[PDB]
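Trainee: please find the sequence and an experimentally derived structure below.
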Protein chains: 2
Amino acid sequence: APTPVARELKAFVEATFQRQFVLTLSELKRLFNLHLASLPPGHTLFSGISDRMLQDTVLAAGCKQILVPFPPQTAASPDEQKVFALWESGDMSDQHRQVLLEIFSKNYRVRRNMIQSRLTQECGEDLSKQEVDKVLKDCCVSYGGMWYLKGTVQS
Amino acid sequence: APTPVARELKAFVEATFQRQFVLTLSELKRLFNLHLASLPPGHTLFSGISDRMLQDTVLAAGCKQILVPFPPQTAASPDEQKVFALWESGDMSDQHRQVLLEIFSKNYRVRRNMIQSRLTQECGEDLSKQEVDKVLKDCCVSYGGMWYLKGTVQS
């Protein structure tokens, strides 16, 4: 079957705006071409990607167009005048920490997998290794293969 | 001393939990004593601060007590068994960015002071230079003493 483009575009747009926050369509297209250089031949993003699809991906990913009023005599191109910005950053680190703390309301120590499973069940199956690693680094210490809240191990 | 006790203690507790996330009372007291070592004689925080007031300040700041079930045979002291945790970061990055972005919906370029004043008016005087510097670094570029959204200067 066909290999759809939307998820691949979204991953690129999300990485780009989380890093840079504000950029023009011109810069987004430049960065997209650099992204293409990293992809293997046969990838779906080598064909049939319009500027419209890129803009729709930006708006689908919690970014907004900022209607900056360029001066009358500007030489900036249309793409150089179209400005997008990260609106909501989507950092759910507070919520992950709250789920972990709820575990330790009922447990002194647990396996990593128990934490991962609880987070996945509560917060979503797309939870990343980086997000779990962060909440563990912030809140916990491991001893003997078990995970404790910081400062609660008595070795 | 020159400043109010609870206000000063609250500032210390907030900064400490934003850095450490999870602390026992024992560890919080250790960190407090390290803090006192840095302060000038006559500072209000050399006043008697009871453990109860310290805990009350943590709880009043929005940190939560975590009722971790310590094992029956633990040798942890009572203060080592009282666990507290940051519930919300207080990261207001998105809101500051949205204030700034609305400035550039009506302006191509502005002075830094204009952005600062707008942030102060919308958020309040409780914006650290660190937050203002961050929102400027994330969204903007300076050229000739004026501030623009990233990517919009025709350099």
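Mentor: Cool, got the structure. Numbering: from 1, shown residues only, chains lettered A, B, ... in the order given.
Trainee: kindly export the one helix or strand residue A:13 maps to (C-alpha atoms) in PDB.
Mentor: Residue A:13 belongs to helix A:6-20 when assigned by DSSP states H and E. The C-alpha trace of helix A:6-20 is given here as PDB (Å, rounded to 0.1, in the frame of the first residue of the first chain):
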ATOM      1  CA  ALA A   6       1.800  13.200   7.400                       C
ATOM      2  CA  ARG A   7       3.600  11.400  10.200                       C
ATOM      3  CA  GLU A   8       7.000  11.900   8.700                       C
ATOM      4  CA  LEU A   9       6.300  15.600   8.000                       C
ATOM      5  CA  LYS A  10       5.100  16.000  11.600                       C
ATOM      6  CA  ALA A  11       8.200  14.500  13.100                       C
ATOM      7  CA  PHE A  12      10.400  16.900  11.100                       C
ATOM      8  CA  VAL A  13       8.300  20.000  11.900                       C
ATOM      9  CA  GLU A  14       8.100  19.100  15.600                       C
ATOM     10  CA  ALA A  15      11.800  18.600  15.900                       C
ATOM     11  CA  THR A  16      12.500  21.900  14.000                       C
ATOM     12  CA  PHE A  17      10.100  24.100  16.000                       C
ATOM     13  CA  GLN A  18      11.000  22.600  19.300                       C
ATOM     14  CA  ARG A  19      14.600  23.600  18.500                       C
ATOM     15  CA  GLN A  20      14.300  27.000  16.800                       C
END
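Trainee: in that helix, which residues are buried?
Mentor: A:8-9, A:12-14, A:16-17, A:20 (16 or more other C-beta atoms under 10 Å in any protein chain shown). Quick note: C-beta positions are derived from backbone N, CA and C, even for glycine.
Trainee: got it, and stretch A:143-155?
Mentor: Under 16+ other C-beta under 10 Å, the buried positions of stretch A:143-155 are A:146-153.
Trainee: need the contact list for residue A:66.
Mentor: Contact analysis of residue A:66 by C-beta atoms under 8 Å, 6 or more residues apart in numbering or on different chains lists A:22, A:83-85, B:101, B:104-105, B:149.
Trainee: that one pairs with what?
Mentor: residue A:83 (DSSP bridges).
Trainee: tell me, how many residues neighbour residue A:117?
Mentor: 11 (other C-beta atoms under 10 Å in any protein chain shown).
Trainee: assumed it was part of a helix.
Mentor: Yes. Remark: residue A:117 belongs to a helix, assigned using DSSP: H, G, I helix; E, B strand; the rest coil.
Trainee: how near is it to chain B?
Mentor: Applying C-beta to the nearest C-beta, to the nearest Å, the value for residue A:117 to chain B is 20 Å.
Trainee: and residue A:35, by the same measure?
Mentor: Remark: distance between residue A:35 and chain B (C-beta to the nearest C-beta) = 17 Å.
Trainee: buried sites along stretch A:90-103?
Mentor: Going by 16+ other C-beta under 10 Å, stretch A:90-103 has these buried residues: A:96-101, A:103.
Trainee: also within reach of chain B: list those from these.
Mentor: Contacts with chain B are made by A:97-98, A:101 out of these, judged by C-beta under 8 Å from any C-beta of the partner chain.
Trainee: which ones among the residues you listed lie within helices?
Mentor: Per DSSP state H, helices hold the following members of those: A:97-98, A:101.
Trainee: need these in JSON lines with distance to residue A:132, can you?
Mentor: Below are these laid out as JSON lines (distance: C-beta to C-beta, whole Å):
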{"residue": "A:97", "distance to residue A:132": "11"}
{"residue": "A:98", "distance to residue A:132": "14"}
{"residue": "A:101", "distance to residue A:132": "14"}
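Trainee: closest one to chain B out of the residues you listed, please.
Mentor: residue A:101 (5.4 Å; C-beta to the nearest C-beta).
Trainee: list the contacts for the closest one?
Mentor: A:139, B:22, B:64, B:66, B:85, B:87.
Trainee: all helices for chain A, in order.
Mentor: Counting by DSSP H, the helices of chain A are A:6-20, A:25-37, A:51-60, A:78-81, A:93-104, A:112-123, A:129-139.
Trainee: if anything else comes up later, I'll come back, but that's it for now.
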